[PDB]
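Colleague: first piece of the complex, coordinates kept as in the full assembly:
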Amino acid sequence: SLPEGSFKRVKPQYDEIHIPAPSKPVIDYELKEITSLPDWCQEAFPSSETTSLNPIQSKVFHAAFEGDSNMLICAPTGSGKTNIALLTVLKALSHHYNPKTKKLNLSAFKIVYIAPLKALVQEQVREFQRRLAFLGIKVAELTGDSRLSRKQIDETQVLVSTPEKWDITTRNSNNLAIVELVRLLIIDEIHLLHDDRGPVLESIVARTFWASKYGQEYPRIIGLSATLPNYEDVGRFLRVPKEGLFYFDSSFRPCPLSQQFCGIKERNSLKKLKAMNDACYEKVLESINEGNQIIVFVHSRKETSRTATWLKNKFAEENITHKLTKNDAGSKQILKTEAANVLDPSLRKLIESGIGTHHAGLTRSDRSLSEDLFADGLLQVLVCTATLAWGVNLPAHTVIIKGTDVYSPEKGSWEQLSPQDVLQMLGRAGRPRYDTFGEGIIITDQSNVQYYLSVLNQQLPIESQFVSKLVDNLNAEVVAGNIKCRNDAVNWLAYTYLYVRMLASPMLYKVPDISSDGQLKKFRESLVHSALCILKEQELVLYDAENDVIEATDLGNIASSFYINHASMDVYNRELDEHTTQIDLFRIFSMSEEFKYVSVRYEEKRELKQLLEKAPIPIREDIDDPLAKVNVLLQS
């Protein structure tokens, strides 16, 4: 703690603590060069700028060729991960691909790359194409908007999928040949397990080990993640051999992250918000004089525009010219070409000032435009929601996170910024390629700073949320037919990620059994009981308490196929009726649980009002209710 805070500044509005940049790594190792590779692998790095691998990569690489084993990398994800995955891919290709005969063996190996987001999948795919073009490989996307069919999967070799669509592809019974063919299963951002999509990954993992026992040849599993505690427990979840585990701290990061907080001493929201804006302004003023390109995160998208307006009138009151003093002719040109043409959320004026913003709710084209302009650097300041850290790789020298309380429809309450989101926001930083270090900043209330220091140290385990997704995963598995009884269910649950975590800390995750049942036999079986009661109530699976026999129903099969959540499922069950009509169909569709996170907005409200007058299919609900918004959007 004491080494972390070096220096603290006290200011009238706020008390700011300035953490120094992390330490540079000790060298016990050799930087591994490219000429050490075999013949075909030397084009793995077609542009070899250093001709030597980064501090993280070399050791993990030679270990990766040396062993064929399940591996885990907890790393800054400083662009180091992309190349490592590429290299393991090339190894599998060489194992199925002869060194002498240069014909690539296409039908032997198959590869899967699990990237949480569609956009990041896209980016990855272009990377894999660039690096793998010399072998003559088809690298194509299996997920979502990708829209690959029954055939192209067979044709392709390397796959880049999102977790959801990969889950649904491997869940289906007919394709199992492809699943067996895949030798190489790469999991990017295994730290996702903390978040509620992570349940899908652990379910996929469980299916890989447990579900294919009739062919029974286990594929190579490579986890790739941001640095996280309880790495050992992660390995015990997967298989991981002790040597495959590589834990690298932030000292191995390309640009050391200078951590900074401002505690806010104010309480009432009207002065508190003003104090935050003042602090942000002060930071921006310190940054831009150094020629620093800056990002300011916020909670909500509506917050972005008003924040940028505040920076325009305030920042401009201070000095107008300095933001663009250079190439003002070309800045006027490019700015008018971009802002004036495609933008229509009254965001053009912000672009024109040269403080822009990016958020969900900005047009797809406008969105790409803002990214590009901020890359060129006519945009000095970029106000953003949480989309960028999660999605896009583009780093920016200074990163400010404004505020604590985010509203989550999960609770229906304002919670604190969750650590897993904070960390990935801090990830985008001073550019590893160009700049030397980053500036992280967190605009926050002082009382919660004590919390953010620790959670920002990344001492927090990847929390297992399997409790919510357990039921649906179990149903899908019964549909596969792999579980005929409670004992089978708990054996599958032994390879489940919550199992490990329970073993580590039973009372944290509410194991009553504790001393009893070291293997948590009765705890596992009790969860299965709990699941199969509600499933049976939803007529998803057949179950009997004392006799214990399991079988899958038609509704359960449907939920498995289209990956409907169990809540959505029972909603359909009751709300659909014999006499239900066209009006009620849209209402039920709206009621689908996947829209629970949807809510009506005040900038949306005028267009909603115009719609619902002329809407052909009537709405029983009203403008204030999100369901009505959903089904009118459906009509549109």
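Modeller: Nice, thanks for sending it over. Numbers count the residues shown, from 1 in each chain, chains lettered A, B, ... in the order given.
Colleague: for residue A:14, give me its contacts.
Modeller: Counting by CB atoms under 8 Å, 6 or more residues apart in numbering, residue A:14 makes contact with A:262, A:263, A:264, A:265, A:275, A:279, A:446. All C-beta atoms are positioned from the backbone trio N, CA, C, and that covers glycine.
Colleague: just these: which are in helices?
Modeller: Taking DSSP state H, the ones among the contacts of residue A:14 that sit in helices are A:275, A:279, A:446.
Colleague: and the strands in the stretch 301-450 of chain A, which stretches?
Modeller: A:355-358, A:381-384, A:398-402, A:406-408, A:413-415, A:438-445 (DSSP state E, counting those that start in this stretch).
Colleague: mind checking which of those strands is nearest residue A:597?
Modeller: Across the strands of the stretch 301-450 of chain A, residue A:597 has its closest neighbour in strand A:406-408 (8.7 Å, CB to CB).
Colleague: neighbour-wise, give me the winner out of the contacts of residue A:14.
Modeller: residue A:262 (28 neighbours; other CB atoms under 10 Å).
Colleague: surely that one is in contact with residue A:278?
Modeller: No - if you go by CB atoms under 8 Å, residue A:262 and residue A:278 don't touch, sitting 10.0 Å apart.
Colleague: could you redo the ones in helices among the contacts of residue A:14 as JSON lines and give each row distance to residue A:482?
Modeller: Listed next are these as JSON lines, based on distance: CB to CB, whole Å:
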{"residue": "A:275", "distance to residue A:482": "57"}
{"residue": "A:279", "distance to residue A:482": "55"}
{"residue": "A:446", "distance to residue A:482": "52"}
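Colleague: just the closest of the residues you listed to residue A:249, please.
Modeller: Nearest to residue A:249 among the ones in helices among the contacts of residue A:14, with distances taken as CB to CB, is residue A:446, at 27.6 Å.
Colleague: quick check: closest non-adjacent residue to that closest one.
Modeller: Among residues not flanking residue A:446 along the chain, residue A:263 sits closest, at 3.1 Å (CB to CB, 6 or more residues apart in numbering).
Colleague: one more, chain B:
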Amino acid sequence: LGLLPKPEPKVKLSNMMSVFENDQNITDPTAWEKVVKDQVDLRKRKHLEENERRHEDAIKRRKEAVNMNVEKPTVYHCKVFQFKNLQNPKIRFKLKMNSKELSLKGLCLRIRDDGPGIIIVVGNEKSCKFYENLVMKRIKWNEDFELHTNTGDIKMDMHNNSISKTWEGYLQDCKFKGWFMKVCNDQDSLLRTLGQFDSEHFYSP
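Modeller: Below is chain B, added to the chains above:
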């Protein structure tokens, strides 16, 4: 500029009802009574405390106040008295302590017990005068006392015993390093005893 802690309202009983500091003005009535009351006694203590800090530290400055040596005064005030009977012990003890706290060069002689004799005190004028007030005024030399003797105490009649000032004045150089009461039985060894300090003439037959 932020360096120091922002102040906070002092809150008294009278003031307690008013304060809109966020803290349990009503909701916790008594727990709020608490923080207030202990707030006051916090301060009040700190007062007494601080006083004791300067008090003690200055007493250490009293040890240092002794550590300097006397800066012997270049010219010496003096006073001389003549008295029939010193026989009352508590007198003598007074004349021991008081002379001693007051840093008084000099002596006291007399003739055996009954013998009248001389009193000499030398030093700064401030102390010498006080010592005089002590001797002449407060202490009553016609006032009889009951003396401890071998078996017990008996009547000793002082109303004959009489004390009077001879004079007071200045002296070139004090030959007295410290003050001692003593006896020399005759007048001669008594006068001679003065004469070792060359003091014979101070006595008046």
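Colleague: residue B:130 and residue B:104: what is the separation?
Modeller: Applying CB to CB, to the nearest Å, the value for residue B:130 to residue B:104 is 10 Å.
Colleague: figure out how far stretch A:164-172 is from the centre of its chain.
Modeller: 18 Å (CA atoms, centre = their mean, to the nearest Å).
Colleague: and the contacts of it?
Modeller: Contacts with stretch A:164-172, where a contact means CB atoms under 8 Å, 6 or more residues apart in numbering or on different chains, come from A:112, A:114, A:142-144, A:146, A:153, A:159, A:161, A:175, A:178-179, A:197, A:200, A:203-204, A:207, A:476, A:479-480, A:560-561, A:563.
Colleague: let's go with 7 Å and repeat that
Modeller: A:112, A:114, A:142-144, A:175, A:179, A:200, A:203-204, A:207, A:476, A:480, A:560, A:563 (CB atoms under 7 Å, 6 or more residues apart in numbering or on different chains).
Colleague: how near is the residue of chain B found nearest chain A to residue A:511?
Modeller: Among all residues of chain B, residue B:2 sits closest to chain A, at 3.5 Å; criterion: CB to the nearest CB. Going from residue B:2 to residue A:511 by CB to CB gives 48 Å.
Colleague: again with residue A:599
Modeller: 36 Å.
Colleague: ok so, going back, which one of residue B:130 and residue B:104 has more residues nearby?
Modeller: Legend: neighbour count by other CB atoms under 10 Å in any protein chain shown for residue B:130 and residue B:104, higher for residue B:104 (22 against 13).
Colleague: which single one of the contacts of stretch A:164-172 is nearest to residue A:373?
Modeller: Nearest member of these to residue A:373, counting by CB to CB, is residue A:144, at 27.4 Å.
Colleague: contacting residues for that closest one?
Modeller: Counting by CB under 7 Å, 6+ apart, the residues that residue A:144 touches are A:118, A:162, A:165.
Colleague: skipping its backbone neighbours, what lies nearest the closest residue to chain B within chain A in space?
Modeller: Going by CB to the nearest CB, chain B is nearest to residue A:10 of chain A, at 3.5 Å. Nearest residue to residue A:10, sequence neighbours excluded (CB to CB, 6 or more residues apart in numbering or on different chains): residue B:2, at 3.5 Å.
Colleague: here's RNA strand C, drop it onto the model above:
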RNA sequence: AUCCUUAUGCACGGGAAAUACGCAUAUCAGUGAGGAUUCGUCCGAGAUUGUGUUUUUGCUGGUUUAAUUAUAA
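Modeller: Let me put RNA strand C in with the others:
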């Protein structure tokens, strides 16, 4: 060693005023500022001049909802 006294300083509790207070390289002023009266005397430290604030100094109080993505084709 104890107490009182006096002045000054740090304080603590409490009240009072904020037509009050300042400030000034000003100008003078016990080597008399100023005043009084019973006309004999008595009283004995600030006044002038300019200037600034003065319904005030600092602070603090209440009314005019993140991202993301899943079908069998």
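Colleague: same question on the contacts of stretch A:164-172, but with RNA strand C included?
Modeller: A:112, A:114, A:142-144, A:175, A:179, A:200, A:203-204, A:207, A:476, A:480, A:560, A:563.
Colleague: any of those residues buried? List them.
Modeller: Buried members of the contacts of stretch A:164-172, counted by 16 or more other CB atoms under 10 Å in any protein chain shown: A:112, A:114, A:142-143, A:179, A:200, A:203-204, A:207, A:476, A:480, A:560, A:563.
Colleague: residue A:52 and residue A:85, how far apart?
Modeller: 19 Å.
Colleague: between those two, which has more neighbouring residues?
Modeller: Legend: neighbour count by other CB under 10 Å for residue A:52 and residue A:85, higher for residue A:85 (23 against 13).
Colleague: confirm that that one sits in a helix.
Modeller: Yes - using DSSP: H, G, I helix; E, B strand; the rest coil, the assignment for residue A:85 is a helix.
Colleague: who's in contact with it?
Modeller: Neighbours of residue A:85 in contact, by CB under 7 Å, 6+ apart: A:113, A:186, A:222, A:224.
Colleague: which one of those sits closest to RNA strand C?
Modeller: In terms of CB to the nearest atom of the strand, no member of these lies closer to RNA strand C than residue A:113, at 13.0 Å.
Colleague: tell me which element that closest one is part of?
Modeller: strand A:110-114 (DSSP states H and E).
Colleague: dump the residue contacts of residue A:406.
Modeller: With CB under 7 Å, 6+ apart, residue A:406 has these contacts: A:299, A:414, A:415, A:417.
Colleague: what parts of chain A come near chain B?
Modeller: A:10, A:11, A:12, A:15 (CB under 7 Å from any CB of the partner chain).
Colleague: just the buried ones from those residues?
Modeller: For the residues of chain A next to chain B, buried by 16+ other CB under 10 Å: residue A:15.
Colleague: adding secondary structure and distance to residue A:628 as columns, could you present the residues of chain A next to chain B in JSON lines?
Modeller: JSON lines is the format used below for these (DSSP: H, G, I helix; E, B strand; the rest coil; distance: CB to CB, whole Å):
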{"residue": "A:10", "secondary structure": "strand", "distance to residue A:628": "51"}
{"residue": "A:11", "secondary structure": "coil", "distance to residue A:628": "48"}
{"residue": "A:12", "secondary structure": "coil", "distance to residue A:628": "48"}
{"residue": "A:15", "secondary structure": "strand", "distance to residue A:628": "47"}
